[PDB]
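Quick setup: one chain, the form deposited in one PDB entry, written in structure tokens, and binding and motion questions come after.
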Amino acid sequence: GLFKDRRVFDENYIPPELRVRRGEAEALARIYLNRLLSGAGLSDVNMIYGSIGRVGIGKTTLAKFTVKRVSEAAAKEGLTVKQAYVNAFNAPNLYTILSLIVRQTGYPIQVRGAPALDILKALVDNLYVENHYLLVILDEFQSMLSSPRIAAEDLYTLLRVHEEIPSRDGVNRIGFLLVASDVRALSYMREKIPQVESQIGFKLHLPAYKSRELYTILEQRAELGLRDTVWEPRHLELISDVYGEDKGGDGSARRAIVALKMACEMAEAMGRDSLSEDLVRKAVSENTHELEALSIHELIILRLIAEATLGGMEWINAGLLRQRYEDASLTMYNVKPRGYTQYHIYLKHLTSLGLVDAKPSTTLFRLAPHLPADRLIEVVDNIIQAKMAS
């Protein structure tokens, strides 16, 4: 045993307090509560997303922890807010979303063989009967927007419940916290459900963790879940210094905690009394996303788009980007520039990706608004160099 409590390291564990997102949780929780306390109970739809390609940055955690503190602060006011969490990777339709929600309520709502609409009505009625409020988390919400097994009208009936399913006493008792992978979710939403999107109370973008933030996160897991003589700060700094986004990493707290976990269980198999720097570096060592799968040609092409975007141009034409890609491809990346239809297939792939936007009337292209060019280019150049040398 290096562990004093192994649960602290499970993927699902939230700590009893936040030390990095900690302010921006008690606060939000303050938002959610003020609407409750001012009357007009629970109805807002809020949203959390990150940058594109970023994972393990505290989205889920911030949401779960925010809902929990809303519950607690509400309880002190004698109110009663219930929590539901639903992951879209587990919920292919409206039926299955509602069924997960009601099972977490504990209410006696008939769910077997029942219409979705009927479940939602029973839920609205139980919340009135109980005088309870429900705050629902919809995680991986982007993959609900694209799912063809969920229609616009389903998202509407859920997310504007109160417009379609009035309360016995007029009090709205369901709010939602959407968690999406990135800002592309908002376009989709304006496409599919603009009547909800134009009405979102708070949209919060979360940045990837810096090294000092990863330190603070690891330290707290160490304090809570490892024996006190087992780690020193130096051991934690070896992970945070590599994964901190200010030092060229991901900013992933999941990669950071997993690494620390792994090193602890390597020490244990050795019967060792503590961590050693070696074990941590070993873990860090055996431990960009939808950019990481692209072809050098797509990377090379997308890079040049960001440079136009970086130096004046809003919208490049096809012919121009074409010769530029040709010029750079053979002369600068020693790869042989592909043919015309193949180039335009790359260009279709990056637009289907929301990494590039098109403008029809060959087609006009600019870097997707949400990507910073100078720093994407910096990223696109590490991934571009992992492919040059193979």
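When you see a residue number, it is the position in the sequence shown, counting from 1. We call the rigid core whatever largest set of C-alpha positions still superposes within 1.5 Å between the two forms.
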Q | Length class of the unmodelled deposited segment, which would lie between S361 and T362 | A | 4 to 9
Q) Which class fits the unmodelled deposited stretch between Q104 and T105: none, 1 to 3, 4 to 9, or 10 or more? A) none
Q: Decide which of the stretches 118-126 and 143-151 has the higher mean C-alpha B-factor, going by the entry.
A: 143-151
Q.
Please compare 363-371 with 18-26 and say which has the higher mean C-alpha temperature factor in the record.
A. 18-26
Q: Just say lowest, middle or highest third for the CA B-factor of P166 relative to the other modelled residues in its chain.
A: highest
Q. Where does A293 sit by CA temperature factor within its chain: lowest, middle or highest third?
A. highest
Q: Taking the values exactly as deposited, rank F89 by C-alpha B-factor within its chain and report the matching third: lowest, middle or highest.
A: highest
Q | Third of chain Cα B-factors occupied by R227 | A | highest
Q: Name the third of the chain's ranked CA B-factors that contains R35, choosing lowest, middle or highest.
A: highest
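Only in words, not in the display: the form deposited in another entry, which the text now covers.
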Q. In a superposition on the rigid core, which residue from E265, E191, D246, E232 has a CA displacement reaching 2 Å or more between the shown form and the other one?
A. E191
Q | Core-superposed comparison between the shown form and the other one, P337 Cα displacement 2 Å or beyond | A | yes
Q) Any CA movement of 2 Å or more for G53 between the shown form and the other one, core superposed? A) no
Q.
Please determine whether the C-alpha atom of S295 is displaced by 2 Å or more between the shown form and the other one following superposition on the rigid core.
A. yes
Q.
Taking the cut-off of 3 Å or more as given, in which direction does the distance between the C-alpha atoms of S352 and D182 change in the other entry, closer or farther?
A. closer
Q.
So the CA-CA distance for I384 and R254 moves by at least 3 angstroms in the other entry. Closer or farther than here?
A. farther
